[PDB]
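How does the following fold in three dimensions:
(one chain, ligands or ions: 2)
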Amino acid sequence: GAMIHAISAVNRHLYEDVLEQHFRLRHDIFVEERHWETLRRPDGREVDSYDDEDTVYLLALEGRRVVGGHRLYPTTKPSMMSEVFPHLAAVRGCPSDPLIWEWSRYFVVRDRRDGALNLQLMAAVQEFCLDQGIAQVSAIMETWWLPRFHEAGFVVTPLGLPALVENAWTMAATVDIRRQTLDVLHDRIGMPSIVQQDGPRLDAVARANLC
Ligand SMILES: CC(C)CCSCCNC(=O)CCNC(=O)[C@H](O)C(C)(C)COP(=O)(O)OP(=O)(O)OC[C@H]1O[C@@H](n2cnc3c(N)ncnc32)[C@H](O)[C@@H]1OP(=O)(O)O
Ligand SMILES: C[S@@+](CC[C@H](N)C(=O)[O-])C[C@H]1O[C@@H](n2cnc3c(N)ncnc32)[C@H](O)[C@@H]1O
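Residues are numbered from 1 along each chain as shown. Ligands and ions are numbered 1, 2, ... in the order given. The structure is reproduced below:
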């Protein structure tokens, strides 16, 4: 059936159509719906300084329609946490490691909310990272994400004090990538694999080491 596709520098030539579609959906969702006005752009594409040659996109596709997704960025480069929100990680420190990737821009289009897709997206980050040998992901998120992580069996390590960010309670944390977490999620989604990787093989950890 429908799969989550891992899109990076090595295979984006197969997904240029899909990538553009997702930038516009990100604008509809994060700018128009969430009202994150600092991300508004006149081209109607929601693109920031962490959308570059090293970004990995995990996009839920139905045919060529993007129905959900999220992205990963190496913490060996300047990151959203290190550059924008370092005060949120003042207790433990901002991650900087080839084996830790920054996780952001999680979305499900309205048509697919409150269904099977969400848990598939939760499984997808675990599956991709385990395959790549990535040990942890880091995230800045609103505190309503905590019960969602816990419900999916995600092992969460807070990096600092929660704080108001543009009027919303926000925190920085890592998530442990675990075979055990993934195994349970595979059972729950009723699929042995949720991540499709077309085109040339990506060596994410090697790329992050170069950075
Ligand atoms: C890498 C990550 C960490 C970066 C995040 S990046 C920021 C998170 N992303 C977004 O807010 C994008 C806009 N939203 C979406 O794409 C979807 O609403 C998401 C968050 C993916 C959730 O989709 P689904 O789980 O399929 O279903 P849903 O009915 O939309 O939500 C399920 C439950 O989740 C909760 N929820 C969703 N959005 C919320 C919000 N803005 N504030 C407080 N609570 C919120 C809520 O409890 C809801 O159930 P309800 O109470 O019955 O409505
Ligand atoms: C929870 S935080 C940031 C992380 C967000 N959950 C994500 O994964 O994309 C949301 C707040 O950070 C801001 N923000 C998101 N990406 C940003 C960037 N690249 N630069 C500056 N601010 C950003 C948004 O305007 C919003 O007020």
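
who touches residue 175 in this structure?
Neighbour list for residue 175: 103, 125, 136-139, 149, 154-157 [criterion: C-beta atoms under 8 Å, 6 or more residues apart in numbering]. The C-beta positions use only the backbone N, C-alpha and C, and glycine is treated the same way.

Buried ones among those?
The neighbour count (16 or more other C-beta atoms under 10 Å) marks 103, 125, 136-139, 149, 154 as buried among the contacts of residue 175.

that older thread, out of the contacts of residue 175, which is nearest to residue 166?
residue 139 (16.7 Å; C-beta to C-beta).

interface residues of the chain facing ligand 1?
The chain comes close to ligand 1 at residues 29, 33-34, 70, 103-108, 113-114, 118, 139, 141, 144-145, as judged by C-beta under 6 Å from any ligand atom.

Which members of those residues occur in helices, if any?
In helices, judged by DSSP state H, the following of the residues of the chain next to ligand 1 are found: 118, 145.

Can you flag which of the residues of the chain next to ligand 1 belong to strands?
70, 103-108, 139, 141 (DSSP state E).

State the helix or strand in which the residue sitting furthest away from the middle of the chain lies.
For the chain, the largest distance from the centre (C-alpha atoms, centre = their mean) belongs to residue 42, which lies 24.3 Å off. For residue 42, there is no host helix or strand (DSSP states H and E).

Give me the distance between it and ligand 1.
Using C-beta to the nearest ligand atom, to the nearest Å, residue 42 is found at 22 Å from ligand 1.

need the strands for this protein, in chain order.
Assigned strands in the chain, in chain order: 3-7, 56-62, 65-74, 100-108, 136-142, 155-158, 163-165, 168-176, 195-196 (criterion: DSSP E).
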